[PDB]
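Taking the form deposited in one PDB entry, here's one chain by itself in structure tokens.
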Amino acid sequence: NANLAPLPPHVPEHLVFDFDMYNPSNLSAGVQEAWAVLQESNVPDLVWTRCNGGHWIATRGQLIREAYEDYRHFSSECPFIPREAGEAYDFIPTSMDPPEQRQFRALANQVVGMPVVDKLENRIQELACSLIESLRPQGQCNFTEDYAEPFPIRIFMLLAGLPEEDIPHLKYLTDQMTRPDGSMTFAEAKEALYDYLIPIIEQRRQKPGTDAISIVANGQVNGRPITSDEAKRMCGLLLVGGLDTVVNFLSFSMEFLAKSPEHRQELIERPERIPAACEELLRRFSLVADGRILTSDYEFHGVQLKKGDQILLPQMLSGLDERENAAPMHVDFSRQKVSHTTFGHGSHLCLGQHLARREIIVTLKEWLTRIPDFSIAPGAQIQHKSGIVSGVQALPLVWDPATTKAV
């Protein structure tokens, strides 16, 4: 096929599995199901796909976790597939490896960490409620557009002190970096995001506010002033994290709940199980998949990896691995040991995971208490999309207003 890069001389012929992370063949069964094909009976722990330029793929949690822990061999310098995107990718602190990464990660943690989340609690609560109550009497909604996007994005824009009217442009840009449609290369989308930030960063370094951008722009890294370029590379990352993570996850979760009245009932009858349900949904509907680049020739699990080789280490796959969780595709809110790497693993563990969990738990609680019974619009053929971050194209929901409650 013209979409297959010639197999490099060092890659064993028997390890070839032409998986396309941007258009997996079994996508119609669900994106997680599509990626799970990499864990079928006769698929090795480590395979090579000739798609998207050619790269390795660790298919089991054991190797995914090991690779993410070994930053000396598996560098974050070129973390995205295809290589062109990975090479243009220079966000901070994600494109850096420890020890260099740390001073910047500390600053980022200060702007989106737990302390910040705690302060945002009220506003997160208020927005969730206002959005749901407004939808409640209508008996229907386009979940992706009416809640999944506005809820987490507005909260991020509030945190970043950015005009909500700027969302359409920024969201288009972020999506081109995670699930490109062809209109822009990763490099072009990144350049536009940086172009957007440059004057805002300059403005806030002159007259700082209390928003995340001002904090980053006027911050220090281990005692010395952060530069304008560094602030830009950090703020670009924050924007992507805030506009294309939780937004997609909420849709996967709500699609599932709309299709499973039993699970909805469980959370309605036992509201205290919501935090645990949140973690199980994070495992079952994990959605991120980036990777690393080999810093030198290295034998890993009996496979000769060559310097420069890219390896996709799907955060999504660890928790779906039957070797980590029995009956992985089954959603069990009572699951005893919820194992996963949905928020990454190693030195780059997600900094916004605390904000993410709050947004998810608040959504589940506030939605179920107002709209306890809902379902997918009759006949709707839900479509998923695959990429660095997978998502749901559209999620039409319906419900009888008579069954709702105006809390």
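Throughout, rigid core stands for the largest set of C-alpha atoms superposing within 1.5 Å between the two forms. A residue's number is simply how far along the shown sequence it sits, counting from 1.
What follows is about the form deposited in another entry, which we do not show.
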Which residue, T178, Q310, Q315, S253, is displaced 2 Å or more at the Cα between this form and the one not shown after superposing the core? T178
For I124, decide whether the Cα shift between this form and the one not shown is 2 Å or greater, given a superposition on the rigid core. no
After a core superposition, would you say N142 shifts its C-alpha by at least 2 Å between this form and the one not shown? no
Following rigid core alignment, is the displacement of the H169 C-alpha between this form and the one not shown equal to or greater than 2 angstroms? yes
